[PDB]
Amino acid sequence: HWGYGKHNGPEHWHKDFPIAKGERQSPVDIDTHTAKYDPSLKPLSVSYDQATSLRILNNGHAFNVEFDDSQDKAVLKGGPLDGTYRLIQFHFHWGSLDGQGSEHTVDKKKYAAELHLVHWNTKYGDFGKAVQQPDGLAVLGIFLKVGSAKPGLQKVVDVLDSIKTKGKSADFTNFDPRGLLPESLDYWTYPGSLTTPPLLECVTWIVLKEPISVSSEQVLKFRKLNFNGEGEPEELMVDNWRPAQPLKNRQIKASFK
Ligand SMILES: [Zn+2]
């Protein structure tokens, strides 16, 4: 029964998921004055040309756009990573107001939202095995600010009416995740965790420096989603973000000077 309310939000998660107070929790604040350039970091390789989206699902905490991860169709490699990581889903976290919504922060700045493209390391065979490993997942995080519309998001926005409430799904084929990327692939990277229960410390985070812009109408449609199921009391799906956690014994590395 975890969520983002008063009685079940991030500050309660540790009772059921004690690693919430662990050594490698996410998100974190990215201090651009202490992150150090690492010349051994390689460019990211994002290979999404054969991506096969299947479905979109309201899981009661966000919505997931799901992919076929039974072949190396949409993969992330390079950067800080060893090996090949397959895209399984993306989702967002967003606010009730444009001044909050992101999970990571940059010099304490909160963005309106944050996109997470979730990938698992093919050496572990399946997502469920990957999340048990410290190098099991690679999550590409992309900030959203409100400004111009993002044309490549509009197909997602327009399906949201069909998945208003928890447990609803809809076919969602032929969606191209390349339309969600910024121009630059400059990034920060650090070792961390899932940002939702079970909060497993299995993620190499790759957070892009450059935000994407979405329109105020686009974000407004995110905020019409519901956390509840159909026929239950309506509670708008907003503020589904975990705040920054202690960095502890970690360094954030930058791919760029
Ligand atoms: Zn996420």
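The residues of chain A that appear here are 4-260 by Swiss-Prot count, in order.
Technique stated in the header: X-ray crystallography, 1.1 Å.
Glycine residues also receive a Cβ, built from the backbone N, Cα and C atoms like all the rest.
For reference, Swiss-Prot has these:
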| type | residues | note |
| --- | --- | --- |
| SITE | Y7 | site 'Fine-tunes the proton-transfer properties of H-64' |
| SITE | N62 | site 'Fine-tunes the proton-transfer properties of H-64' |
| ACT_SITE | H64 | active site, proton donor/acceptor |
| SITE | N67 | site 'Fine-tunes the proton-transfer properties of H-64' |
| BINDING | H94, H96, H119 | Zn(2+) binding site |
| MOD_RES | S165 | phosphoserine |
| MOD_RES | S172 | phosphoserine |
| BINDING | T198, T199 | substrate binding site |
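Geometry remark: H94 (Zn(2+) binding site) versus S172 (phosphoserine), CA distance 14 Å. Taking the Cα of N67 (site 'Fine-tunes the proton-transfer properties of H-64') as the reference point, the closest of the recorded positions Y7, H96, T198 is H96. Counting only the Cα atoms, the space from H96 (Zn(2+) binding site) to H64 (active site, proton donor/acceptor) is about 9 angstrom. Of all the recorded positions listed here (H64, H119, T198, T199), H64 has the Cα closest to the Cα of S165 (phosphoserine). Counting other Cβ atoms within 10 Å of each Cβ, the recorded positions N62, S165, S172, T198, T199 show the lowest value at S165. Same-chain residues that are not part of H94, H96, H119 yet have a Cβ within 8 Å of the Cβ center of the Zn(2+) site turn out to be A65, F93, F95, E106, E117, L118, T198. The recorded positions near ligand 1, defined by a Cβ under 6 Å from one of its atoms, are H119, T198, chosen from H64, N67, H119, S172, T198.
Checking Cα-Cα distances from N62 (site 'Fine-tunes the proton-transfer properties of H-64') against the recorded positions (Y7, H119, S172, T198, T199) with a 10 Å cut-off leaves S172, in sequence order. Between the CA atoms of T198 (substrate binding site) and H64 (active site, proton donor/acceptor) there is a gap of 11 Å, rounded to the nearest whole number.
In sequence order, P13, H64, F230, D242, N243, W244 make up the list of same-chain residues 6 or more apart from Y7 (site 'Fine-tunes the proton-transfer properties of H-64') whose Cβ falls under 8 Å from its Cβ.
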